[PDB]
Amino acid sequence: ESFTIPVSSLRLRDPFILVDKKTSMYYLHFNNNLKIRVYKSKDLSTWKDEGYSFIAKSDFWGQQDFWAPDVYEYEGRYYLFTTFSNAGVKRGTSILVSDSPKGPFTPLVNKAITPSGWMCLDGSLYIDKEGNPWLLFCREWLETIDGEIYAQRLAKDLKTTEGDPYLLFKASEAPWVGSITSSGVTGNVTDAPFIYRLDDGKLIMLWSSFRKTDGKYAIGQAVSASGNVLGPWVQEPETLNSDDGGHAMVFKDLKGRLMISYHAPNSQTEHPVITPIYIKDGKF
C-alpha cells in the first residue's frame, strides 16, 4: 500500500478523524460532492484514497447536502453521521452503518435521527461514562435566529432517540460570538458540537460560530463542571483559534497523544489542521 497524498494538499471542510485500533489506521471521510469519500493514513501525514464510503441509492431520504460526515466505532461496527436534506423534507442528520471503518455504509434507518419538524445539522455522538450514547445536534440559525445546540439520548442500537431533545444553549451565550447576515436573516451560527470527557468526569464541548471582533469562523469551548451532558454549560470568553478555522473534534492518536482536527481558513482553501492539544486548568 502506498500513501502518496500529503496532508498539506488536502482540501476539505469539517475533518473528523476516525482512529481505528482494529485495522490500526486513521480514516478521514469527507463530503466529496453528493458522496462521501474516504482517505486512510498510517500516521496522519500521508494519505491514501480508499474510494467512496457512501453513495446514496435513489430511495435514500436525503439526496442533497452530504454535509460534515463523522464516523464512530460503536460495539464492533462503524456508524456514519452525515447531514442531508431533500425536497419536502427538512435538513437533518442521519445515521448509516458498516462492518468496516472505510464503508460502504447503508442507512441504519431511512430517515433523520434529528427531529423531522426541525432544520438540524451536525449530529454527533458522545458516549457517556456508563457507555451510553448521546446525540448532539444543531438547530439551524436560519430557523432559530439565535442558533441552538441540543442533546438527546440515543437507543443502544442508535436507531431511535429516547425522550425529547434538550436545549443546551444558544450561540449568543458565548461572549465571543457575533451575528452574521445571510439569506435575509441576521443571527448567530451554531456548528459542530462535540463533547470530550475529562478524567475527573467534567465535560468540555467544542463548537463553532463566527467571532464578533473580526468575523472569523472559530472554535469555542464550554465546560460542564457537573459532568452532566445537559449542563449547565459555561462558555469560555475566548476562542481557541484566530485562523478562521472551525468544526473541530478531538481524539487520541495511536500513541495516546490528544489531538485536535478542524479546517482552516473557512473559504477558498479550507484544509485540515491536525495538531496536538492540551488541557490546562480543566479546559483547552
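Note that residue numbering follows the sequence shown and begins at 1.
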{"query": "52 to 60 versus 228 to 236 - which carries the larger mean C-alpha B factor in the record", "finding": "52 to 60"}
{"query": "Selected stretch [higher average CA B-factor]: 118 to 126 or 87 to 95", "finding": "87 to 95"}
{"query": "Most elevated Cα B-factor in the entry, residues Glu73, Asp214, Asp191, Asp157", "finding": "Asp214"}
{"query": "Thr275, C-alpha B-factor rank within chain (lowest, middle or highest third)", "finding": "middle"}
{"query": "Chain thirds of CA B-factor: placement of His263", "finding": "lowest"}
{"query": "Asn132, C-alpha B-factor rank within chain (lowest, middle or highest third)", "finding": "highest"}
{"query": "Position of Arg257 among the chain's modelled residues by C-alpha B-factor, lowest, middle or highest third", "finding": "highest"}
{"query": "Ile204 by Cα B-factor - lowest, middle or highest third of the modelled chain", "finding": "lowest"}
